[PDB]
Amino acid sequence: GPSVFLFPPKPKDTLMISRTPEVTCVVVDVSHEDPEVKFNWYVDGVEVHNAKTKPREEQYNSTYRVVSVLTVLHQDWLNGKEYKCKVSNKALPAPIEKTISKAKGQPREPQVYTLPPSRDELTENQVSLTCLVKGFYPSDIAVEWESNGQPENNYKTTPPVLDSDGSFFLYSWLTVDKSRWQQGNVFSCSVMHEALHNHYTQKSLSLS
Amino acid sequence: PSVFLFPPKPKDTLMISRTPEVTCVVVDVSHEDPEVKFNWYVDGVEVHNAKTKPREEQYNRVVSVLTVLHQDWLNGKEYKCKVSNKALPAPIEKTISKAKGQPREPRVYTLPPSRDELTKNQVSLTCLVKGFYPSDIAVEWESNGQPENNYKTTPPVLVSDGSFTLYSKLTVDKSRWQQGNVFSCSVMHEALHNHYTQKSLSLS
Ligand SMILES: *[C@@H]1O[C@H](CO[C@@H]2O[C@@H](C)[C@@H](O)[C@@H](O)[C@@H]2O)[C@@H](O[C@@H]2O[C@H](CO)[C@@H](O[C@@H]3O[C@H](CO[C@H]4O[C@H](CO)[C@@H](O)[C@H](O)[C@@H]4O[C@@H]4O[C@H](CO)[C@@H](O)[C@H](O)[C@H]4NC(C)=O)[C@@H](O)[C@H](O[C@H]4O[C@H](CO)[C@@H](O)[C@H](O)[C@@H]4O[C@@H]4O[C@H](CO)[C@@H](O)[C@H](O)[C@H]4NC(C)=O)[C@@H]3O)[C@H](O)[C@H]2NC(C)=O)[C@H](O)[C@H]1NC(C)=O
Ligand SMILES: *[C@@H]1O[C@H](CO[C@@H]2O[C@@H](C)[C@@H](O)[C@@H](O)[C@@H]2O)[C@@H](O[C@@H]2O[C@H](CO)[C@@H](O[C@@H]3O[C@H](CO[C@H]4O[C@H](CO)[C@@H](O)[C@H](O)[C@@H]4O[C@@H]4O[C@H](CO)[C@@H](O)[C@H](O)[C@H]4NC(C)=O)[C@@H](O)[C@H](O[C@H]4O[C@H](CO)[C@@H](O)[C@H](O)[C@@H]4O[C@@H]4O[C@H](CO)[C@@H](O)[C@H](O)[C@H]4NC(C)=O)[C@@H]3O)[C@H](O)[C@H]2NC(C)=O)[C@H](O)[C@H]1NC(C)=O
């Protein structure tokens, strides 16, 4: 019969003011004979009516996929409000309910450390500037780099990794030509996370 | 019924003494006919050396493990699992391979704890593995001729030239680093000489 999956907002969407955090209720394996899906959305048990339900779409496997999207308020998601999708369909014994919210565990803020290129790397034509983000919970986080007060767009960041103490770490890094580092330019690693003061911190990195 | 084909572990692929194997797993086989046999293919030629596991149902799985030749897998020969069952329009095939393209070796750099981390009780020793292809790799830590196990390693990340990089973090007590112990990051990857390299790190 029909199955239901309930997805949380993307991390940047929860942490950035100009972005739209959304919870997504997806229903799959909907038959031809019982094609109609109904959604009811609840926020800490109160029903809301402004979600946006997409029309059913037949999939290559001859079943329907129906999707409902509820936009969540930034503050509500951060306060741990619970979002419940309820799906009704006649091929089901009872309506299926799924609930999602922010990770439950005690919040912990990131420690942010900047690491200069390895000595052995200095012999190359590009070097790596590293930023270690450590010990944060929940795993929702966003990292950016800047040079001389302006965005750097050529950096990469690992996904969060689960650590032994139950928190998360990641590494971000920026690769730059050796002359640029050698000159004494300043680079900065910026982190947005809910548990930081102002949900933001910045640490800097520069030739010694 | 649907078919999933899983690859060998990286170390099994890179060490002559180990047995690299691909796994063909079928997932939703009807009780109306729980009958399925496999035909395993290697570059269009069929093999008969696959060994089916002791089948075992669960509330709600048939698997053939094919041992692959070390060089064949490295040369990216195609391993095609073919699954037959009466609930199928056609017998269905899944094909698996090592990622195609010329291998590029990782560069391995060892990184000391940030000065700001030195205030803390435990510190992070970092190993940067950079620019490798394909992403199959294994990373480990050692101290004083013996395995060190309180490390974590990120997944490989795709970078702009199409190769991969990752970081591995070893956590140790601040005093222990402070004594002058030597720690080591070892990496296994097909493009390395002897498929192995090691870089080391100790207090200056
Ligand atoms: C018919 O087709 C559709 C397939 O659609 C498409 O068309 C078919 C024809 C093929 O072409 C497909 O290739 C193609 O996808 C089939 O529907 C699929 O059904 C399976 C389940 O049978 C669903 O799998 C679930 O996937 C989620 C993760 O899914 C995200 O990532 C997928 C890529 O891997 C991506 O395809 C999905 O779209 C989805 O992507 C996310 O989408 C949201 C909203 O759009 C977006 O915001 C996200 O950013 C985006 N993410 C990404 C990475 O892009 C996976 O999590 C589910 O697994 C969990 O749940 C199950 C039970 O517990 C169980 O199956 C698993 O064990 C796993 O369990 C969970 O563990 C987590 C750990 O945290 C825990 O939190 C959970 O609580 C726990 N349990 C539950 C219930 O969650 C599951 O794997 C596919 O999503 C679905 N595809 C689509 C597009 O909806 C359909 O099955 C086909 N029917 C048949 C008969 O073949
Ligand atoms: C009935 O239950 C069975 C039993 O399932 C298991 O046990 C039951 C009791 C419950 O606990 C289950 O929740 C639990 O799964 C169900 O069987 C499952 O069926 C789903 C789909 O139907 C399969 O999902 C796929 O899983 C693989 C990853 O699988 C590894 O990790 C699993 C955890 O999710 C682990 O459980 C698996 O065993 C497997 O582990 C690997 O196994 C090998 C063999 O031993 C081993 O060597 C490895 O070490 C081991 N690895 C690890 C880490 O342990 C995942 O790859 C699939 O995603 C692919 O397919 C999706 C749909 O096809 C697609 O959306 C994804 O994007 C992705 O597709 C691939 O995408 C890339 C690029 O995008 C492309 O290159 C690929 O070509 C493309 N592939 C395809 C096909 O398009 C997906 O998540 C479960 O594996 C399967 N598990 C078992 C044990 O059978 C069964 O479905 C249930 N039936 C019903 C009707 O409910």
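Indices start at 1 and increase along the chain as displayed.
This entry, so its header tells us, was determined using X-ray crystallography, 2.5 Å.
Cβ atoms here come from the backbone N, Cα and C positions, even for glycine.
Looking at the candidates B:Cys24, B:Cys127, Swiss-Prot gives B:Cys24 as the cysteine bonded to B:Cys81 by a disulfide.
Selection of the recorded positions B:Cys24, B:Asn60, B:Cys81, B:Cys127, B:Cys185 by a Cβ distance under 6 Å from ligand 2 yields, in sequence order, B:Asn60. Under a cutoff of 8 A between CB atoms, and with a sequence separation of 6+ in the same chain, the neighbours of B:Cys81 (disulfide bond) are B:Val3, B:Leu5, B:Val22, B:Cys24, B:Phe38, B:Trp40, B:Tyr41, B:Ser64, B:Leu66, B:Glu93, B:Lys94, B:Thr95, B:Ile96. For B:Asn60 (N-linked glycosylation site), the number of other Cβ atoms no farther than 10 Å from its own Cβ, over all displayed protein chains, is 6. One thing to note is that 3 residues go unmodelled from B:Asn60 to B:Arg61, and the Cα atoms at each side are 11 Å apart. Cα spacing between B:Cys127 (disulfide bond) and B:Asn60 (N-linked glycosylation site): 44 Å, rounded to the nearest whole number.
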